[PDB]
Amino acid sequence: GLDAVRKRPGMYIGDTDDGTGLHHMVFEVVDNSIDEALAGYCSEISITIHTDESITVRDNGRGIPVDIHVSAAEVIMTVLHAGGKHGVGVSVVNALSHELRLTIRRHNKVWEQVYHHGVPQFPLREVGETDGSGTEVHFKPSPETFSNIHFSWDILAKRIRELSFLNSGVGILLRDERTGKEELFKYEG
């Protein structure tokens, strides 16, 4: 389970001391929005660095399926092994965040779930009406995992430029609330 991730984090997320693992936290979450853009359902992605060095990734895709009739969203946020025999998954990000809030806008409803170190505080639950669809993940990297909790504008921006070329017409906004800086990365092909 996620306990093993918390015990050997660099094995899952990358080096936790040289900046690799910390920024991989963002890139693992973002990859899901990129997949949603490649699928043709997402045209806007934003990545926000907050003053407390937490991160919000938000997209305007279909939203994670809820599939309650344990929610599908809880499965993808908490299960490490999908079964059987590259890319570690958002469950690793969850395990290594001291708190993470997932908000889904889908099928006229807003669903949310909160976790601490990957452990759900409560089940995914509906909390209101919405007119959009999409997914938002707000995570706070664990300072007990990363001795340096500070994000690098240059590192994120370099990777976002590479990502932008893969999806023409998909805007990726990088917003740094620590400094007031923001930049829209948008490739037109």
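By rigid core we mean the largest C-alpha set that fits within 1.5 Å across both forms. Numbering starts at 1 and runs along the sequence shown.
| query | Hey, after superposing on the core, which one moves around more in 4 other deposited structures of this protein, 60 to 68 or 149 to 157, CA-wise? | reply | Higher root mean square deviation of C-alphas in 4 other deposited structures of this protein is shown by 60 to 68.
| query | What stretch shows more C-alpha movement in 4 other deposited structures of this protein relative to this form, 166 to 174 or 20 to 28, after the core is superposed? | reply | Checking 166 to 174 against 20 to 28 in 4 other deposited structures of this protein, I find the farther stretch is 166 to 174.
| query | Out of the other entries of this protein with residues modelled on both sides, is residue 87 skipped in at least a third? | reply | Yes, a third or more of the compared structures omit it.
| message | So residue 69 and residue 70 are neighbours in the shown sequence, but is anything from the deposited sequence left out between them? Give the count as none, 1 to 3, 4 to 9, or 10 or more. | response | 4 to 9 residues lack coordinates between residue 69 and residue 70.
| said: Zero if continuous, otherwise a range: how many residues of the deposited sequence are missing coordinates between residue 85 and residue 86 (none, 1 to 3, 4 to 9, 10 or more)? | reply: Unresolved stretch here: 10 or more residues.
| field | 158 to 166 versus 132 to 140 - which carries the larger mean C-alpha B factor in the record | value | Looking at the record's C-alpha B-factors, the answer is 158 to 166.
| Between 25 to 33 and 122 to 130, which has the larger average Cα B-factor in the PDB entry? | It is 122 to 130.
| task | Pull the Cα B-factor of residue 103 out of the PDB entry and bin it into the chain's lowest, middle or highest third. | result | According to the entry, residue 103 has a C-alpha B-factor in the chain's lowest third.
| task | Quick one: classify residue 95 as lowest, middle or highest third of the chain based on its Cα B-factor. | result | CA B-factor rank for residue 95: lowest third.
| field | Third assignment of residue 11 from its chain's C-alpha B-factors | value | Tercile = highest for this residue's CA B-factor.
| query | Looking at the C-alpha B-factor of residue 63, is it in the lowest, middle or highest third of its chain? | reply | As the PDB entry reports it, the C-alpha B-factor of residue 63 lands in the middle third of its chain.
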